[PDB]
Amino acid sequence: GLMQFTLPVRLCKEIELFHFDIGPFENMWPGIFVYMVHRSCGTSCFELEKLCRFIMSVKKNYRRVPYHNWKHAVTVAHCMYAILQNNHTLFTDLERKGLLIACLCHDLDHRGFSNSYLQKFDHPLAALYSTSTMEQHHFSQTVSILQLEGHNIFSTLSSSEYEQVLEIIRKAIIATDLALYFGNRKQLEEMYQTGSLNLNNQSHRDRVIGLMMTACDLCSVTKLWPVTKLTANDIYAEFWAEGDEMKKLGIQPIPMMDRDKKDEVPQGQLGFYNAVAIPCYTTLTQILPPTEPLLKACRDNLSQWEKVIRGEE
Ligand SMILES: Cc1c(C(F)F)nc2ccc(C#Cc3nc(-c4ccccc4)cn3C)nn12
Ligand SMILES: [Mg+2]
Ligand SMILES: [Zn+2]
């Protein structure tokens, strides 16, 4: 009841910053997530015994792949924690509750393959869910774990509060489909610049939470350079495995997934920062000013990739 979680001093202070790295000690990641729920949401949001059992089941349903793993789940939740703590009064009790869970769950049972590869392999999930294939699967796994005995962390919510929270989580998880990001950010850009953006309009909140989700999901481009650079190795380890699998089906993968074109990674990261990351954090900073550190760190990393291209590293 009066059982606070506390972190060592360097973590207690650094966890509040956007560029925090959760570290290589897997056994501390659950405690870090509980710490973030307790300060983000309150010590009363969830029954501790249920939350702990929920976390350990979520962890067991992430696979040992190079990037889309348990460490990515907790990393994406910590970015969400930083956004919520820097924008205290902008979010409902239900949103605080839903979004950290959404982030922890957002890639449940990922296999390290894109929606495209599922469609070309003709995976059963591609027939069950024709768009946002993996993302509809992640939400489906979340509901499964929520319905295991002793795992219902939302048990104290009313029938209609429960339905709202599962709807926040569903939209949040669907929005991590980067194919959906491009149109969502363009609409948020237009709405902000014409002054129609209205946080009382629920379909507007939906879009802002969607963009927050893309920003949390891409938060590896916002870390200190050595974290960003080493994470890129995990990201490409999956892309190149998918590339290998495309070649097995008799299909030339795109160059991003072709390990034969390793040499042009620096130029590919440039494209990605300019086409995806920079716009994402730009529009997010416009709508939520205290998120500017994400944009600043993103720009610093683009500048490090430029340096790699010029042979300065
Ligand atoms: C860092 C990161 C994160 C997360 F850290 F945010 N998520 C993502 C998602 C995509 C990418 C890319 C990428 C990319 N490489 C190439 C390329 C590479 C070699 C030869 C030719 C082309 C093209 N392209 C778009 N980076 N990324
Ligand atoms: Mg995903
Ligand atoms: Zn993700």
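Here, residue 1 is the first one in the sequence, and each next residue gets the next number. Note: hydrogens, waters and symmetry copies are ignored here, and every other heavy atom, side chains too, is used. All ligand and atom numbering here is 1-based and tracks the order in the structure.
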S.K.: Apply ring-ring contact (aromatic ring centres under 6.0 Å, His included) to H123 and list each qualifying residue two or more places apart in sequence or on a separate chain.
M.R.: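 Testing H123 for ring-ring contact (aromatic ring centres under 6.0 Å, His included), a comparison that skips the adjacent residues, returns none.
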S.K.: Name the residues in contact with ligand 1, where contact means a heavy atom under 4.0 Å away: which are they?
M.R.: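 Residue list for ligand 1: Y67, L218, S220, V221, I235, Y236, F239, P255, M256, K261, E264, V265, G268, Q269, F272.
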S.K.: Which value, rounded to 10°, describes the NE2(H72)-the Zn ion (ligand 3)-NE2(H106) angle?
M.R.: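 If I round to 10°, I get 90°.
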S.K.: The Mg ion (ligand 2): which protein N, O or S atoms are under 2.8 Å away?
M.R.: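 Result, waters dropped: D107 OD1.
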S.K.: Run the side-chain hydrogen bond (donor to acceptor under 3.5 Å, both in side chains) test against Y117 and tell me which residues pass, sequence neighbours left out.
M.R.: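 Partners of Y117 by the side-chain hydrogen bond (donor to acceptor under 3.5 Å, both in side chains) criterion come out as none, since no residue qualifies.
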S.K.: Look at the aromatic rings of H110 and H138 and report parallel, tilted or perpendicular, splitting at 30° and 60°.
M.R.: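 If you compare the ring of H110 with that of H138, the planes turn out parallel.
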S.K.: Can you confirm whether the side chains of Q119 and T133 place a donor and an acceptor under 3.5 Å from each other?
M.R.: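 No pair is found: no donor N or O on one side chain lies under 3.5 Å from an acceptor on the other.
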S.K.: Determine which of the N, O or S atoms in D107 is closest to the Zn ion (ligand 3) and give its atom name.
M.R.: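 Restricting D107 to its N, O and S atoms, the minimum distance to the Zn ion (ligand 3) goes to OD2.
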S.K.: For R111, is there any backbone N or O sitting under 3.5 Å from a side-chain donor or acceptor partner on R63?
M.R.: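 Side chain of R63 to backbone of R111, a donor-acceptor pair under 3.5 Å: no, none is there.
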S.K.: Are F54 and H151 close enough that their ring centres sit under 6.0 Å apart?
M.R.: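 No.
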S.K.: Return the name of the atom in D217, of element N, O or S, nearest to the Zn ion (ligand 3).
M.R.: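 Output for this pair reads OD1.
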S.K.: Would you say the ring centers of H72 and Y67 fall short of 6.0 Å from each other?
M.R.: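 Yes, ring centres under 6.0 Å apart.
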